[PDB]
Every structure is written in structure tokens, then in C-alpha cells.
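*Asks:* Below is one structure. I have some questions about it.
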Number of protein chains: 2
Amino acid sequence: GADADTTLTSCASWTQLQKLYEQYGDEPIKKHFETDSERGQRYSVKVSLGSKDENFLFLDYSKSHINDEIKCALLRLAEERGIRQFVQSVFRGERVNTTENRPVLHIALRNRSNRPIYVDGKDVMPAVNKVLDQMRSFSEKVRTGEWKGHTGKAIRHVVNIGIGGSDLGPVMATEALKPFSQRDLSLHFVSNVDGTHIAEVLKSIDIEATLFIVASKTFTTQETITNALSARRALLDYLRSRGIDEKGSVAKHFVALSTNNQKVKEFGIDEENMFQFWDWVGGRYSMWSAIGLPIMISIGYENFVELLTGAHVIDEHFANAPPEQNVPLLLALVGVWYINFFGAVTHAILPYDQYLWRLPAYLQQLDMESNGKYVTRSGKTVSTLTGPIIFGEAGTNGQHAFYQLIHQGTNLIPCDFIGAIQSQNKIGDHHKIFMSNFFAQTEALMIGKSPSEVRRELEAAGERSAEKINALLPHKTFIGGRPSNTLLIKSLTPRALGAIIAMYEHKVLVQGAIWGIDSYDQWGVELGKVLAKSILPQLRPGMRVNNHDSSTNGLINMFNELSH
Amino acid sequence: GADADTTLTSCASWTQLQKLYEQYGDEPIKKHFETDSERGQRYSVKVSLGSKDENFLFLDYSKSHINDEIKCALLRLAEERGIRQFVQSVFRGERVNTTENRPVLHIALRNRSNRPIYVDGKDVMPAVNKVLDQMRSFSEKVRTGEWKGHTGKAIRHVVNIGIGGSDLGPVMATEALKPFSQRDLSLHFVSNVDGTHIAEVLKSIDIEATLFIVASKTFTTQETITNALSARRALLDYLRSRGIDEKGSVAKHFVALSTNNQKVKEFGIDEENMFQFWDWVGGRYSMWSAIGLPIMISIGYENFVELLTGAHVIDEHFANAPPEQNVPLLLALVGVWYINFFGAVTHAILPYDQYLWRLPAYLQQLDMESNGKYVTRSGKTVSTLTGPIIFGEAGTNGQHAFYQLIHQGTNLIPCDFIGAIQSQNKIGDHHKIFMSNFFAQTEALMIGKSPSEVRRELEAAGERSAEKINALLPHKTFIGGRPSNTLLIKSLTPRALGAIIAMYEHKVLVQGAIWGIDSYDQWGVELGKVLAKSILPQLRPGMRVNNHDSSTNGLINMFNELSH
Ligand SMILES: O=C[C@H](O)[C@@H](O)[C@H](O)[C@H](O)COP(=O)(O)O
Ligand SMILES: O=C[C@H](O)[C@@H](O)[C@H](O)[C@H](O)COP(=O)(O)O
């Protein structure tokens with residue numbers, strides 16, 4: 001391909017970090033706690049959310065292979081790569097998404113201060129606020145029962161039709177903020193083009209009382225349009241079977257969240273029912289825009305404003321807080337330390353909150369689709385590793401699933417443990433039992449259990465058999481020194497969720513800027529789309545192909561032989 | 001710790017594989033297709049499931065960096081490490097789980113041939129079949145409406161209470177086999193000790209018509225017992241609020257799936273309502289046993305027998321088929337090639353079937369908890385990498401989520417694409433549109449798009465701007481040579497699911513045997529449990545601690561200050 005990038009590896013700070021890794025990389029995490037009695041406080045930052053309930057976002061990054069020399073060197077890397085100036089460029093509307101020559105302004109969607117942000121010489125704030133007001137008005141009509149279906153019924157089911165950035169945010173947020181929702185409104189999500197997805201939703205709803213929301217930035221995504229057309233056919237099929245006149249039904253049951261005004265009109269949706277968003281709103285950064293309509297319908301306008309405000313508080317913290325006390329910058333640098341120096345290619349998101357069960361899948365798109373790049377903005381091949389593989393499940397289910405590998409496997413896996421001090425559901429002693437695991441797991445990963453400790457524990461329990469002690473000894477040994485970040489909030493309120501997502505959006509921004517890549521494009525999805533479009537007309541019963549490789553030919557031919 | 005293991009790295013076959021990697025590792029996958037026109041057929045195996053619908057399990061492992069010399073060398077590794085003899089030892093009941101001195105007989109649970117398998121000189125088959133008959137009788141009473149609640153109502157809600165191996169199988173299988181289910185029976189799963197899990201289920205059920213199933217091998221797991229006690233308190237609280245006599249209510253609403261007869265009696269469950277399983281049934285291999293009761297209640301006895309039969313067909317294939325035509329052995333060897341020689345520490349499970357959306361989470365436990373070990377059976381430290389990190393989501397949602405990283409990231413990620421030729425839900429042209437992506441993605445990962453191909457595509461579309469071509473060129477380039485395995489079935493029937501899970505169970509067996517580890521124990525979960533038990537009595541409002549490291553002390557102290 002192109003020439004190799006030297007801008008990052010030639011930085012004096014990068015050379016120093018490589019030197020510091022060779023020197024201190026083998027030192028166990030516990031050693032840093034033994035030499036610094038105030039490590040927990042010195043390697044942690046509390047950011048107030050500015051609400052009356054005194055909620056906060058506390059990051060503890062102390063359980064890491066980072067001493068003061070490494071922390072200082074990581075901060076110097078941030079200065080050398082011009083992170084401060086890059087952040088200002090993003091926030092002010094500069095076209096940082098260089099491959100598409102477009103601004104990156106998801107921060108404008110939640111700009112509660114209404115500080116003017118310009119695109120093509122025009123302040124975008126009145127347009128942002130106009131859509132938020134349109135969302136308020138419509139969501140209130142749905143929630144109060146004012147918005148009626150074709151047969152006069154109030155809305156009981158809300159079906160979002162969209163994929164990726166037009167699905168994951170709405171799913172994650174409605175699940176995360178379920179205690180703040182209106183329970184009489186059932187939320188359904190159709191995303192997969194697999195006929196099963198729309199089929200199962202159609203079995204679970206009363207189409208007369210259903211509002212379909214077609215969410216798509218482009219309004220041309222094959223999955224979404226195919227599902228939307230089937231949802232429309234279903235509405236018309238129901239009315240026809242009951243003998244009811246179908247004229248004007250689509251306008252009462254369908255709304256659109258898009259940037260493409262022309263494609264929305266071709267479908268048959270009223271322009272009054274189109275909720276606009278812009279090109280500078282990336283799909284994986286769109287839950288704050290019109291895409292957030294199903295979230296607003298579920299939790300209400302005031303709670304949606306709280307979600308936006310939480311993000312805004314972290315946006316202001318990120319842009320203004322000093323480097324050594326900046327939460328998203330520190331989280332990003334700890335990540336760069338593990339990815340580029342330790343060679344850790346995986347990162348676990350472990351939320352100890354059942355409502356946040358869809359957070360790992362959301363962060364998979366946010367991080368992996370943003371930073372899974374191998375070429376820089378200048379078009380040169382990267383000389384370092386970029387985005388890691390994100391995985392995880394809600395705690396404690398993970399403990400009885402894959403923690404065995406995190407504790408005793410052959411891979412170094414940085415983990416983010418997210419938890420809340422207060423539960424929304426106070427059932428007996430469930431929360432303290434739950435949180436005992438939250439604190440214990442990070443402690444366990446850090447300290448481990450040495451061969452000598454295992455021998456003392458077995459001999460203290462009364463085991464006089466030297467054979468059984470020696471045989472079980474290595475299997476019961478925990479090397480420890482496994483890193484983790486602990487993110488603690490007072491409670492998972494809409495403001496708290498907004499804060500958490502914005503923190504991760506900004507972590508991704510910093511990592512992408514350090515590597516010199518474009519965290520805002522997605523050229524990697526194009527080949528699969530083009531080759532699928534070429535294979536589609538070849539999928540007919542009995543048809544034989546020979547234009548692809550022998551594997552693909554054999555697979556398509558077998559499919560055609562047995563499809564029908 | 002202990003001495004380093006030399007048994008694997010000293011194998012002549014291992015030394016040869018390292019030599020073959022140095023020689024052929026840089027050769028692109030497409031080169032093997034260009035030199036062998038019959039590669040698709042030669043590097044694929046079709047295993048019949050033995051059913052009247054002519055269903056099968058087809059594995060295509062051709063899209064890999066494997067030529068005939070490497071394939072032969074991988075098969076020689078299997079012979080040298082004694083896989084054939086190890087498999088016979090597992091199937092015949094030998095105590096292969098050396099650290100716990102116990103047999104590994106999940107294959108006995110689905111042994112439809114009723115071939116005698118001995119443990120302590122006694123055939124286990126009559127006991128296996130006795131529980132299957134008990135499950136048949138009870139599941140039929142629940143399904144027909146014969147089993148009544150305390151107030152005389154038929155069962156409408158089935159709530160499984162269990163975690164890990166007592167949760168993931170029941171969740172995955174009931175979701176996977178939803179078209180074969182009895183729709184009037186709503187399945188709920190309480191697993192997390194987070195109060196939210198039981199709370200949300202209690203909001204969704206009619207407790208008078210609810211059967212609670214307490215699933216736990218040991219019947220002492222903190223999460224499960226805490227949830228079970230809250231479910232019991234909920235039943236008694238409801239009856240008390242309505243003024244109804246509670247005597248004999250627990251026996252009508254609670255059943256247990258366990259090995260511990262004593263702990264089940266202490267809870268208050270009738271011995272007639274305890275479904276037994278044994279110590280040789282590992283939790284992550286228990287969906288075929290009594291643990292499968294919620295699956296049988298949902299899909300019925302005949303469909304559960306089909307699930308068992310699918311597993312049995314693959315068990316027989318695995319134990320008897322020649323090495324070069326053995327599906328789980330080949331899948332395991334392709335995995336070893338990528339993990340130990342290419343250094344690929346991640347593996348993606350990408351099922352193109354929405355019903356299989358919980359399959360990746362299931363396989364995470366199966367693979368990661370089994371093979372995430374760093375010590376051998378002999379107690380020596382491994383000299384090779386072991387179990388990889390498993391992740392994934394159902395296709396096509398993954399395409400618009402993280403495929404950007406699989407195609408254009410800095411990591412080599414082996415992928416397993418699983419799909420069905422026939423859908424259970426035939427909605428318009430959804431399935432062909434869906435499957436066009438299935439074939440295209442593996443083709444895309446393999447062939448890529450070279451710098452020259454991108455230039456030809458842009459110049460053919462009419463782009464005369466050399467600047468735009470050169471600028472977009474590297475961003476639109478796909479290096480290709482990304483591996484994948486394609487698993488194709490005729491349709492996802494209960495027999496097909498059984499076949500797929502057994503294949504993965506056996507893949508895990510082979511990989512663990514090659515590495516010389518115990519794939520059947522889980523000592524790695526002990527430290528987190530012990531440290532949580534120590535932290536639990538310290539979680540009281542206002543309490544201050546100083547016995548842990550400064551991070552854990554600071555976290556517990558902050559929690560205690562604001563919990564109440
Ligand atoms: O940044 C987001 C990604 O590019 C991707 O997840 C995108 O959101 C989907 O491809 C759906 O696109 P539409 O929203 O245009 O349907
Ligand atoms: O092999 C399985 C694992 O050890 C683990 O997932 C186990 O299933 C859970 O710890 C629940 O154990 P019980 O089934 O005993 O509650």
C-alpha cells in the first residue's frame with residue numbers, strides 16, 4: 001500500500017514510553033501500592049454532575065502498571081500529539097473528519113449552554129433546539145394518548161426500525177433507564193434483516209396501537225428499508241383483512257428520523273413527521289439527536305434533557321479540566337499504555353448494573369467502528385496497533401462465565417468495572433451482596449494469591465497431606481497483576497448515563513487522535529455491501545455460479561439447491 | 001510458580017508446524033484458491049444429522065492460511081498428542097478431570113443408543129433415562145395445564161433461577177428454538193444477584209400462575225440462593241396481602257434442578273420435585289441434563305429428544321470419523337493454528353440467525369471457562385497460549401457494529417459464520433437478502449480489495465481527479481487474507497442446535513487436550529468468591545475499612561458513606 005507513518009513512533013514521548021515499559025513493565029501492580037500509601041487517592045478523580053442529588057462520576061485507575069514517571073510520560077504524549085488543540089478543533093466545528101471533509105459535532109446536540117457553534121457560517125444551535133422541541137411535542141402526544149392509530153386507539157407499542165447507530169443507542173438507553181420509563185408503552189426493536197426479527201415483533205404487538213419509527217441517517221440502508229417495507233405491508237395487510245379503508249393510515253403509524261428528506265418522502269411519510277439530524281452527527285454518536293426519539297418517548301422530555309445535560313457536563317469537563325485531572329484523557333492514556341506497550345488487544349466492559357446489560361454491545365460499535373483503522377488521516381499506514389476488541393457482559397453473570405480466563409488465562413485483559421452506589425430497586429440485601437463482588441473482583445485481579453499463600457490457607461484449614469497441597473497448588477495460584485479501572489457513580493439516573501457515554505466518546509476521540517487516525521469515518525463496511533449486492537441476484541432456486549472463489553461458489557450453489 | 005511444561009513444545013509435530021508457519025504464514029489465503037481449483041470441496045465436510053428432513057452440518061474451513069502440508073502437520077499433531085485415545089477415555093468414563101478426579105460424561109446425557117457407560121462399576125444410563133422420564137411427566141403437566149398454582153390457576157409463567165451453567169444454556173436454547181415452543185408459556189430468567197433482575201421479572205408475571213425453577217448444581221451459589229429466597233418471599237408476600245393461607249404453596253410453585261439432595265430439602269422443596277443430575281456433568285455442559293427442564297417445558301419432550309439426538313449424532317461422528325473428515329477435530333486444529341502460531345488471541349462467533357443471538361454468550365462460557373487455564377494437568381505452567389477471548393453478535397447487526405475493525409483493524413480475528421439455508425419465518429425476500437450478506441462477508445474477508453482494484457473502480461465510475469483517487473485510495477483498501485469458517489445447516493431445528501453445541505463442546509475438548517490442560521475444572525472463580533465474602537460484612541452505612549489496598553479501601557469507604 002502506502003508509506004508507513006513515522007509521526008507517532010518518532011515522538012520523543014513515545015520513545016520514552018517504550019523505555020519506561022522495558023524498565024517498569026514487569027513490576028507488579030501491588031508494588032506501586034506498597035511504595036505509595038496514598039495511591040488510591042492520587043490515581044483517582046471525582047467529577048460532579050452538577051445535580052441536586054449530588055451525583056458524580058468517579059474514576060479509579062490505580063489498579064494499573066503505572067507509576068508517577070509513566071503517568072507523567074503519558075501526559076507528555078498527549079501534549080506532543082496536540083490533544084488540547086485537537087479537542088478545541090472538534091468542539092468548534094472544524095472538519096476533523098478529513099476523509100469525508102465534515103465536522104464532528106455530537107457535542108452540539110447536547111450543548112445546553114447554547115454557546116454558538118458554526119457550520120458554513122451558521123450557528124447550528126437553533127436547528128438542534130428546533131428538533132428537540134419537535135421531539136418534545138410529538139413524544140408528549142404519544143405518552144398522553146393524544147396520538148391515535150388508524151382505528152382511533154391510543155399508542156401502546158413503539159417499534160423502532162433501524163440498524164447499528166440507529167439501533168444500539170435506543171436499545172442501550174431504554175434498557176438502562178427503564179425505572180424512569182412510562183410502563184404502559186412497550187418498546188420493540190427491529191434491526192436484523194433476518195425475517196425472524198420483524199416476525200417476532202409482529203407476533204408481540206397490536207398493530208392498531210403501534211407506532212413505527214424508521215430510523216436511518218441515509219434512509220437507504222438495505223436492512224432498514226426492507227424491514228420498513230415489511231412493517232408497512234403488515235399494517236396494510238391487517239386493515240385489508242378486517243375490511244377497513246387504508247387511506248391515510250401510514251401517516252398516523254409511521255415517523256422518520258433521518259438526514260435524507262427526499263427518501264423519506266418517497267416512502268410515504270409526512271414531512272411534519274420527519275425528525276431531522278445532520279451529516280456531522282455520526283451514527284454511533286447519534287443517540288443524542290432525533291435518533292433518540294424512542295428514548296424520549298419511553299422516559300419523557302425532562303429525563304431526556306437530563307441525559308443530554310450529563311453528556312454536556314462531561315463535555316465541559318473534558319474540554320476545560322487540567323490534564324492530570326481529566327477523566328476521559330486519563331482513561332484513554334491508560335488504554336494506550338496497555339494496547340501499544342503491553343500489546344493487550346482486548347478490553348472488557350463489565351457493568352455491574354443489570355439495566356446496563358446492552359452497554360458492552362453499544363461500546364463495541366463506538367470503539368471498534370471508530371478506531372478499528374489501519375491508515376492515518378494523511379493516508380499513511382499505521383506503525384502501531386489501533387482499536388482493541390471490546391467484549392463483556394453485565395456483572396455478576398460474567399463471573400460464572402468468562403472471568404476464569406481473565407484471572408487464570410494466558411491473556412492480559414484490561415477491564416472497566418462500572419457500578420452504582422444506590423440501586424433503583426431495593427430488594428432486601430441484594431445490592432450489598434452484589435456490590436461485594438464489584439469491589440472483590442478488581443481487588444482479586446490486582447493482588448492475586450501467591451504459591452505461599454495457597455500453602456498457608458490449606459495448612460491452616462487442617463490439611464496434613466503434602467501430596468494434595470503440592471498437586472492443587474499451581475491450579476489454585478493467581479498471579480494477579482491484572483489491571484482494572486473502576487467507574488463508580490452515586491446512582492444510574494439519566495444524567496449519569498449521559499455522563500458515562502460522553503466519557504467513552506471522548507476516550508475514543510483521544511485514542512484516535514494519538515494514533516493519528518480518523519475516528520469518524522467507516523470505509524470498512526463498503527466491501528461487504530458491494531459483494532452482497534452482487535450475490536443477491538444469484539440467490540435463486542437451482543441457479544449455479546462460477547465467478548467467485550471455489551468456497552463461495554460451493555456455498556451459493558448448495559444454498560440454491562436446497563432453498564426450495 | 002512451578003516448572004515449565006516441555007511436553008507440547010518438544011513434539012516433533014509442533015517444531016514442524018513452527019517451521020511451516022515461518023514458510024507459508026505470509027502467503028495470502030487467495031493464493032491457495034488460485035493453486036487448487038477444488039479447494040472448496042477438499043477443505044469442507046458435510047455431516048448428515050440422520051433425520052428425514054435430510055438436515056446436515058456443513059463445515060467449510062477453506063478460507064484459511066492452510067495448505068496441504070499444514071493440514072497434514074496439524075493432523076500429525078493430533079496423533080502425537082493422543083487425541084483419539086483421549087476421546088475414548090472421555091467417552092468411556094475415565095477420570096480425565098484430573099484436578100477433581102472425576103469423569104466427564106455430558107455425552108452420557110444424550111446417549112440415545114443406551115450403550116452402557118460405567119462410573120464406579122455401575123451403568124449410568126438407567127439413572128439418565130429415569131430423570132428424562134421424570135422431566136417428560138412434569139413438563140407435560142405444566143404444558144397441558146394440569147399443574148396448578150396455589151389458587152388453582154394453570155401455569156402461564158416459567159421463571160428459571162440460576163447463574164452461569166444453570167442459566168446460559170436454558171436462555172440460549174429457548175431463544176434458539178422459539179418456533180418450536182408453546183407460545184402461551186412465558187419464559188423468564190433470573191440470574192444476576194442485582195435486585196433489578198428479580199424485580200423486573202416480578203413486575204412481568206402473575207405469581208399465582210408462576211412456576212419457579214431453582215437451577216444450581218451445588219445449590220449453594222450465593223446469587224441463586226439469594227434470588228430463590230426473594231422469589232419465595234414474593235410468593236408468600238402476595239398470598240399474605242390477599243389474605244390467602246400459605247400452607248403448601250411452596251411445593252406447588254417451586255422445583256429444583258440439582259446434585260445436592262440435602263440443600264434442596266432445607267429450602268422446602270419436595271423430593272418428588274427435585275430433578276437430579278451428577279458430578280460428572282459440568283455446569284457449562286449441563287443443558288442436556290435436568291438443567292434443560294425449562295427448555296423441555298418450552299419446546300416439549302419430543303423436541304428435547306431431537307436436541308439430544310443431534311448432539312448424539314455429532315458425538316458418534318467425533319468418536320468414529322477419520323481425522324481428515326472429522327468436523328470438531330478440524331475446527332479445533334484450525335483454531336490451534338491461529339492461536340499458537342499466528343498469535344490470534346480473539347475468536348468471533350457470528351451466527352446469521354436472530355434466534356441464535358444468545359449463542360455467543362453461551363460459547364463464551366463454554367470456551368473461556370474451559371480453556372482459560374495457565375497450568376497443565378500435571379501442574380506445570382503452560383509454554384503456549386491457551387483459550388482465546390470469544391465475542392460476537394448475530395449477523396447482520398455485527399456488520400454495522402464492529403466489522404469495520406475485523407476488515408480494517410490491526411488485529412487478526414478468526415471468525416465462525418453460522419447460517420441456515422431455510423428460515424422458520426418466511427417473510428417476503430428477507431432470507432435471500434439476509435443470506436447475501438452471509439456469503440459476501442466471508443468472501444470479502446478473504447479476497448479484500450487491492451490498491452489497483454480501487455483505482456480501476458474509481459476511474460470506471462468516471463473520476464478524473466487524480467487527487468481524490470490518491471487521497472481515498474488507502475482508506476478504501478482492504479488487505480484481505482482475513483480467515484473464516486462457514487458452518488451451514490439446512491434449517492435450525494432442535495436436532496440442528498444439538499449438533500452445533502456438541503461440535504463446539506468437542507472442539508474445546510481437542511484444544512484443551514492439545515495444550516495439556518484440564519478443560520473441565522474452574523479453580524479461577526474461587527478468589528473472587530472468597531474476597532467478596534470477606535467484603536460483605538464490611539458493607540454497612542458509615543463503616544470504615546483499612547485492611548485492603550488503598551484503592552479497595554477508598555472504594556468501600558465511599559460506598560459506605562453514600563449507600564444510606
Ligand atoms: O457510525 C455508525 C455506522 O456507520 C453504522 O452503524 C450506521 O449507523 C449503520 O450503517 C446504519 O446507517 P443508517 O443510520 O444510515 O441506516
Ligand atoms: O461449569 C460451569 C461453571 O463452573 C459455572 O458457570 C457454574 O455453572 C456456576 O457457578 C453456577 O453453579 P451452580 O450451578 O452450582 O449454581
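Identifiers in this document derive from the order of the C-alpha cells: chains are assigned A, B, ..., residues are numbered from 1 separately in each chain, and ligands are numbered from 1 in order of occurrence.
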How would you write, as a PyMOL selection string, the set of residues in segment 327-524 of chain B that DSSP gives as strand (DSSP E)?
*Replies:* chain B and resi 346-352+389-391+415-422+484-491
*Asks:* Could you dump the residues just selected with C-alpha atoms as a JSON list (two decimals), in the first residue's frame?
*Replies:*
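Okay, part39.json is ready:
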```json
[["chain", "number", "residue", "atom", "x", "y", "z"],
["B", 346, "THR", "CA", -9.60, -13.49, 19.85],
["B", 347, "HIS", "CA", -12.25, -15.57, 18.06],
["B", 348, "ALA", "CA", -15.57, -14.25, 16.77],
["B", 349, "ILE", "CA", -18.81, -16.28, 16.81],
["B", 350, "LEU", "CA", -21.09, -14.68, 14.20],
["B", 351, "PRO", "CA", -24.43, -16.52, 13.88],
["B", 352, "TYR", "CA", -26.56, -15.38, 10.98],
["B", 389, "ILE", "CA", -11.32, -14.35, 24.03],
["B", 390, "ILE", "CA", -14.71, -15.18, 22.48],
["B", 391, "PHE", "CA", -17.02, -12.39, 21.31],
["B", 415, "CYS", "CA", -14.45, -15.83, 12.59],
["B", 416, "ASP", "CA", -17.09, -18.57, 12.67],
["B", 417, "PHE", "CA", -20.03, -17.71, 10.41],
["B", 418, "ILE", "CA", -23.07, -19.90, 11.22],
["B", 419, "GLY", "CA", -26.15, -19.91, 8.97],
["B", 420, "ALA", "CA", -29.24, -21.79, 7.83],
["B", 421, "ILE", "CA", -30.40, -22.39, 4.24],
["B", 422, "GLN", "CA", -34.08, -22.30, 5.26],
["B", 484, "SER", "CA", -13.24, -17.54, 8.45],
["B", 485, "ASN", "CA", -15.03, -20.84, 8.88],
["B", 486, "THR", "CA", -18.52, -21.22, 7.43],
["B", 487, "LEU", "CA", -20.96, -23.53, 9.21],
["B", 488, "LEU", "CA", -24.06, -24.15, 7.12],
["B", 489, "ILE", "CA", -27.13, -26.17, 8.13],
["B", 490, "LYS", "CA", -30.34, -26.87, 6.17],
["B", 491, "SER", "CA", -32.52, -25.37, 8.95]]
```
*Asks:* Show me which residues line ligand 2, defined as having an atom within 10 Å of a ligand atom where only C-alpha atoms and all ligand atoms count, and present them as a PyMOL selection string.
*Replies:* (chain A and resi 397-404) or (chain B and resi 161-169+191+214-225+257-260+281-286+291+365-366+369-370+519-526)
*Asks:* Would you list the contacts of residue 430 of chain A as a list in words, taking every protein, DNA or RNA residue within 7 Å and counting only C-alpha atoms, but skipping same-chain residues closer than 5 positions in sequence?
*Replies:*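 Here the answer would be residues 193, 194 and 195 of chain B.
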*Asks:* So that I have them on file, write out the residues from the current selection with N, CA, C and O atoms, as an mmCIF file, in the first residue's frame.
*Replies:*
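This went into result-v8.cif:
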```cif
data_model
loop_
_atom_site.group_PDB
_atom_site.id
_atom_site.type_symbol
_atom_site.label_atom_id
_atom_site.label_comp_id
_atom_site.auth_asym_id
_atom_site.auth_seq_id
_atom_site.Cartn_x
_atom_site.Cartn_y
_atom_site.Cartn_z
ATOM 1 N N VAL B 193 -27.493 -11.289 40.742
ATOM 2 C CA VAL B 193 -27.901 -11.032 42.128
ATOM 3 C C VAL B 193 -28.355 -9.576 42.276
ATOM 4 O O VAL B 193 -28.917 -9.196 43.296
ATOM 5 N N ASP B 194 -28.117 -8.766 41.241
ATOM 6 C CA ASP B 194 -28.570 -7.372 41.211
ATOM 7 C C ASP B 194 -30.088 -7.465 41.368
ATOM 8 O O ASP B 194 -30.741 -8.166 40.589
ATOM 9 N N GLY B 195 -30.603 -6.792 42.401
ATOM 10 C CA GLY B 195 -32.029 -6.778 42.719
ATOM 11 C C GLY B 195 -32.966 -6.460 41.579
ATOM 12 O O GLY B 195 -34.115 -6.887 41.571
#
```
*Asks:* Write out as a ChimeraX atom specification the residues lying within 8 Å of residue 454 of chain A, counting only C-alpha atoms and excluding same-chain residues fewer than 6 positions away.
*Replies:* /A:473,476-477
*Asks:* Restricting the output to N, CA, C and O atoms, write the selected residues as an mmCIF file, in the first residue's frame.
*Replies:*
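File out_27.cif, as written:
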```
data_model
loop_
_atom_site.group_PDB
_atom_site.id
_atom_site.type_symbol
_atom_site.label_atom_id
_atom_site.label_comp_id
_atom_site.auth_asym_id
_atom_site.auth_seq_id
_atom_site.Cartn_x
_atom_site.Cartn_y
_atom_site.Cartn_z
ATOM 1 N N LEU A 473 -1.761 -26.952 44.376
ATOM 2 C CA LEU A 473 -1.032 -25.689 44.476
ATOM 3 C C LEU A 473 -1.010 -24.788 43.236
ATOM 4 O O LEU A 473 -1.476 -23.647 43.327
ATOM 5 N N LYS A 476 -4.579 -23.517 42.025
ATOM 6 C CA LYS A 476 -5.201 -22.552 42.932
ATOM 7 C C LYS A 476 -4.440 -21.224 43.020
ATOM 8 O O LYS A 476 -4.843 -20.320 43.760
ATOM 9 N N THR A 477 -3.333 -21.124 42.281
ATOM 10 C CA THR A 477 -2.494 -19.925 42.267
ATOM 11 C C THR A 477 -3.017 -18.881 41.282
ATOM 12 O O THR A 477 -3.413 -19.209 40.164
#
```
*Asks:* Would you mind listing what lies within 12 Å of residue 204 of chain B as a JSON list (two decimals) with N, CA, C and O atoms, in the first residue's frame, with only C-alpha atoms counted and same-chain residues fewer than 4 positions away left out?
*Replies:*
```json
[["chain", "number", "residue", "atom", "x", "y", "z"],
["A", 183, "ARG", "N", -44.27, 2.77, 31.83],
["A", 183, "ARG", "CA", -44.52, 1.34, 31.69],
["A", 183, "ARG", "C", -45.61, 0.85, 30.73],
["A", 183, "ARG", "O", -45.51, -0.27, 30.23],
["B", 156, "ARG", "N", -48.74, -20.12, 33.55],
["B", 156, "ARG", "CA", -48.58, -19.23, 32.40],
["B", 156, "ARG", "C", -47.17, -18.67, 32.31],
["B", 156, "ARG", "O", -46.74, -18.24, 31.24],
["B", 157, "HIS", "N", -46.47, -18.64, 33.45],
["B", 157, "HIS", "CA", -45.10, -18.11, 33.53],
["B", 157, "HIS", "C", -44.14, -19.11, 34.15],
["B", 157, "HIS", "O", -44.42, -19.69, 35.19],
["B", 158, "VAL", "N", -43.00, -19.30, 33.49],
["B", 158, "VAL", "CA", -41.96, -20.21, 33.97],
["B", 158, "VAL", "C", -40.71, -19.37, 34.21],
["B", 158, "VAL", "O", -40.16, -18.79, 33.27],
["B", 159, "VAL", "N", -40.30, -19.27, 35.47],
["B", 159, "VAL", "CA", -39.13, -18.47, 35.85],
["B", 159, "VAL", "C", -37.96, -19.36, 36.29],
["B", 159, "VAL", "O", -38.03, -20.02, 37.33],
["B", 186, "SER", "N", -44.77, -18.19, 29.05],
["B", 186, "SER", "CA", -43.74, -17.15, 29.03],
["B", 186, "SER", "C", -42.55, -17.56, 29.89],
["B", 186, "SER", "O", -42.71, -17.89, 31.07],
["B", 187, "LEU", "N", -41.37, -17.57, 29.28],
["B", 187, "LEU", "CA", -40.12, -17.93, 29.96],
["B", 187, "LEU", "C", -39.38, -16.69, 30.45],
["B", 187, "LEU", "O", -39.22, -15.71, 29.71],
["B", 188, "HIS", "N", -39.00, -16.71, 31.73],
["B", 188, "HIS", "CA", -38.27, -15.61, 32.37],
["B", 188, "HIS", "C", -37.01, -16.18, 33.00],
["B", 188, "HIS", "O", -36.98, -17.34, 33.43],
["B", 189, "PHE", "N", -35.94, -15.38, 33.01],
["B", 189, "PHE", "CA", -34.66, -15.83, 33.55],
["B", 189, "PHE", "C", -34.06, -14.86, 34.56],
["B", 189, "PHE", "O", -33.72, -13.72, 34.22],
["B", 197, "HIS", "N", -32.85, -7.65, 38.52],
["B", 197, "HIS", "CA", -33.23, -8.85, 37.77],
["B", 197, "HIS", "C", -34.51, -9.53, 38.29],
["B", 197, "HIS", "O", -35.43, -9.78, 37.52],
["B", 198, "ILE", "N", -34.59, -9.77, 39.60],
["B", 198, "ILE", "CA", -35.79, -10.39, 40.16],
["B", 198, "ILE", "C", -36.96, -9.40, 40.19],
["B", 198, "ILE", "O", -38.12, -9.79, 40.03],
["B", 199, "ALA", "N", -36.64, -8.13, 40.39],
["B", 199, "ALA", "CA", -37.62, -7.05, 40.46],
["B", 199, "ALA", "C", -38.41, -6.89, 39.17],
["B", 199, "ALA", "O", -39.64, -6.79, 39.18],
["B", 200, "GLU", "N", -37.68, -6.87, 38.05],
["B", 200, "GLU", "CA", -38.27, -6.71, 36.73],
["B", 200, "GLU", "C", -39.09, -7.91, 36.30],
["B", 200, "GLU", "O", -40.09, -7.77, 35.59],
["B", 209, "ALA", "N", -49.88, -17.87, 38.78],
["B", 209, "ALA", "CA", -49.72, -18.74, 37.62],
["B", 209, "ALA", "C", -48.24, -18.91, 37.26],
["B", 209, "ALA", "O", -47.91, -19.19, 36.10],
["B", 210, "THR", "N", -47.36, -18.78, 38.25],
["B", 210, "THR", "CA", -45.92, -18.89, 38.02],
["B", 210, "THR", "C", -45.23, -20.07, 38.69],
["B", 210, "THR", "O", -45.42, -20.33, 39.88]]
```
*Asks:* Pick from B:43, B:33, B:56, B:307: nearest to residue 558 of chain A, with only C-alpha atoms counted?
*Replies:*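 Nearest candidate to residue 558 of chain A out of B:43, B:33, B:56, B:307: B:56.
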*Asks:* Among the residues of segment 58-179 of chain A, find those DSSP assigns to helix (DSSP H, G or I) from the backbone and print them as a ChimeraX atom specification.
*Replies:* /A:68-80,83-91,106-108,125-144,164-166,168-176,178-179
*Asks:* For a test of reading the model, state the distance in Å between atom CA of residue 279 of chain B and atom CA of residue 498 of chain B, rounded to one decimal.
*Replies:*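 Calculated distance between atom CA of residue 279 of chain B and atom CA of residue 498 of chain B is 21.7 Å.
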*Asks:* Select, from B:254, B:374, B:337, B:138, the residue with the minimum atom-to-atom distance to chain A, counting only C-alpha atoms.
*Replies:*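 Under the stated criterion, the closest residue is B:374.
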*Asks:* Can you pull out the residues contacting segment 36-38 of chain A? Cut-off 9 Å, using only C-alpha atoms, and skip same-chain residues under 5 positions away; I want them as a ChimeraX atom specification.
*Replies:* /A:31,43 /B:549-551
*Asks:* Do a neighbour search on residue 356 of chain B at 10 Å with only C-alpha atoms, toss out local chain neighbours closer than 6 positions, and write the hits as a ChimeraX atom specification.
*Replies:* /B:172-177,350,362,393-395,418-419,492,497
*Asks:* Which is closest to ligand 1 among A:322, A:528, A:480, A:542, if we use only C-alpha atoms and all ligand atoms?
*Replies:*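 Answer, going by the shortest atom-to-atom distance: A:528.
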*Asks:* Expressed in Å to a single decimal, how great is the separation between atom CA of residue 77 of chain B and atom CA of residue 514 of chain B?
*Replies:*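 That distance, rounded to one decimal, is 8.0 Å.
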*Asks:* In terms of the shortest atom-to-atom distance over only C-alpha atoms, which of A:235, A:359, A:543, A:531 is closest to chain B?
*Replies:*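 So, comparing all the options, the nearest one is A:531.
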